[PDB]
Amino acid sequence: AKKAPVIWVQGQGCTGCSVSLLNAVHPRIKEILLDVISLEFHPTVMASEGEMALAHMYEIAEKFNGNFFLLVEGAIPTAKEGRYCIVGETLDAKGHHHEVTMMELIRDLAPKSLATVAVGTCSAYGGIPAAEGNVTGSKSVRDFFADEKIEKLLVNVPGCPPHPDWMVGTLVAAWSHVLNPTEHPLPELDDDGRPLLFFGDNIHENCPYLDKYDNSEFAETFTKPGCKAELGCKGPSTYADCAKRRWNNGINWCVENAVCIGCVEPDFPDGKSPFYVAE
């Protein structure tokens, strides 16, 4: 009956995790919003703005204390006292304005949540904003929780972006657990806090090109037949179910089209780069 309350916050994100969620099927996004979750705060799509939006977010976090999912899209920058990501402004009772940093927001909301779900490689692992050359002290949710000594149930759903099936599936599994924990145990997580349901399979082991790989039949260029290994494919070092699930309602996937770039992995992008050089 009751929908899962969700507060969805964005740090150093690109909105691509949100857009990927909009691509969900079975259920589609209309059914997700009207039947599955109560999306209480989401900066990209919600009706209210500014003071009203923030007041609503904090009201839900209070009313549904210990009973909402905090969804985090994007990384948390810690340099310069958090000032590389300002998420809003709060107008106290005297008229003075105070900016809220992503650090401050997560520190505030995470202890109020039932669980935090880091969607996307940015929030889960740091991803591109935390890659070599950045000067923002960009940090993952798990690292920020560790630094802050925040003990809150945390599940990572990585990918850049994650497949909507991974996000929806994980949230539904979490909510089912809360509603009946012995009938619905929490999904088993790997050492990097991501569900084995979606991230247990190795791409390469499950790849339809594996017969070609075994016969040393390698594509000389993108538009030639063969395994994609010599073009830079990171399938061998990547764990996701893309080979089975494919992308955009089964239309295509990275390996058929081009190469896997290892987007779900905690070392994406630096440990997967250069993208067009073989592993």
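Throughout, we count residues from 1 along the sequence that is shown.
As recorded in the PDB entry, 89-97 is the stretch of 135-143 and 89-97 with the greater mean C-alpha temperature factor. On average the C-alpha atoms of 220-228 have higher B-factors than those of the other stretch, with 64-72 and 220-228 being the two compared. Listed residues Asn249, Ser38, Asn215, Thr238 were ranked by CA B-factor as deposited; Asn215 comes out on top.
In the PDB entry, the Cα temperature factor peaks, among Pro181, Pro161, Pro195, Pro77, at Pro181. Among all modelled residues in this chain, the alpha-carbon of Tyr209 has a temperature factor (C-alpha) in the highest third.
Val6: CA B factor in the lowest third of modelled residues in this chain (values from the PDB entry). Sort the chain's modelled residues by C-alpha temperature factor and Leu189 lands in the highest third, per the entry.
The PDB entry assigns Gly127 a C-alpha temperature factor belonging to the lowest third of its chain's modelled residues.
Remark: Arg28 belongs to the middle third of its chain, ranked by C-alpha B-factor as recorded.
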